């Protein structure tokens, strides 16, 4: 909190984090035990910011017990009473917006240009669900013969959220906001690579007036995450991350018959027809691939371009990718920072190398990079990459890469591209550029994914739901549908006369 207030004089390479990062009972917990810690890095520089101390069984249980006691209070507050507190939380994140965005950049590596949008999305999501809280309700229905039923929309209990490292503060907020509005308590676990801005969110809800212990933070990796999935007093788990880990979460969660939502990755397709407006389609493909160092779940990483306009699409897209400024993320004019870790950078570079071995053409980038600026020398940098000559059987066309690597492929017909776009087990997002009104809605209808962008890419409105089809997961975040994954209906049937009985 003092670290947050010190952000206006901070810069890349200058910060060290000294706070305790575990948080329950309304306070930061002093680490002990000498548990094996893990380093947490600054992506632009490679420096160690602090050590993360992971939670074992005892720690998770304390977190959950704290959450349960606040839940007994918060679930007795009406919609309009929870709303008021949630609106104050939003107000405080707004006031501290620029400081939070800076600290976000330092741990995660994305540009401040992007980070300011993330932090804005975080407070807008809280204000949005605050707004829905007094609206929450069940039904009243008249039954045959004078009886009537009513449904009560109730909370679940303690909800656990297991988060990813690409949008740390914003994804913490996207799981806290709907949970709280519905009258639940929350325990969440940041990715161990990005543990610090999460406890600021939890502190701000306490400042805003939440019953002590309502929002709790336990740091750690797979084991800490597994404890949450196995805990007998957690009612629901919400997970964001990879397919393989999502599958395991669902399996562990089966032991207590828990509510589960899964937001997994993708290999989303972007379809560009010959009648498009080329400059908009160029902007779309760039916005589909290169935000946040290409580490974005929805990215349209298979770009299908209709044969006739392929040459002019490629010419402009390659020039624009090479022009991306890679460097210090705290500069307003930087457009790409370092990827999140060394092992991630190496895996992404490993994919490009493997693609050239399978026959792919590198039109630009796909290599390690060292910026001019000396304090950035050990950062996790690479040049954004555009691949050509790609096939549907290639590893880079089938697998989620999660770095800045666009794969471009030609197509001839709408029927053809739609089968190649849908021939996958993934189904998070997709897009289409075209000017014909029928073609635009037809293609959106036939694409098998949770979201389809028409003549744009990467918009994330709070007003509408978001989530996967097929193996990209199930459940939604944002919009009105999401309330149904954080509340449950109890059916109450009232007999107004005497009982009808066979005995």
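Positions refer to the first chain, counted from 1.
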Revision key, fill the gap. Of 385-393 vs 68-76, the stretch with the larger average CA B-factor in the entry is 385-393
Check your understanding: Mean C-alpha B factor from the entry: is it higher for 359-367 or for 295-303?
Key -> 359-367
Practice item. Select one of 114, 120, 399, 416: the residue whose C-alpha shows the highest B-factor in the crystal structure entry. Key: 399
Revision key, fill the gap. Max C-alpha B-factor within the set 488, 482, 491, 9 falls on 9
Study note, to complete from the structure: So, residue 51's CA B-factor, relative to its chain, sits in which third? The highest
Study note, to complete from the structure: Assert third(CA B-factor, residue 442) within chain per record equals lowest
Exercise for review: Tell me, lowest, middle or highest third: where does the Cα B factor of residue 153 rank within its chain?
Suggested key: lowest
**Study point:** Where the record places residue 472 (Cα B-factor, split into thirds across the chain)
**Key:** middle
Point to revise | Chain-relative CA temperature factor third for residue 167 | key: lowest
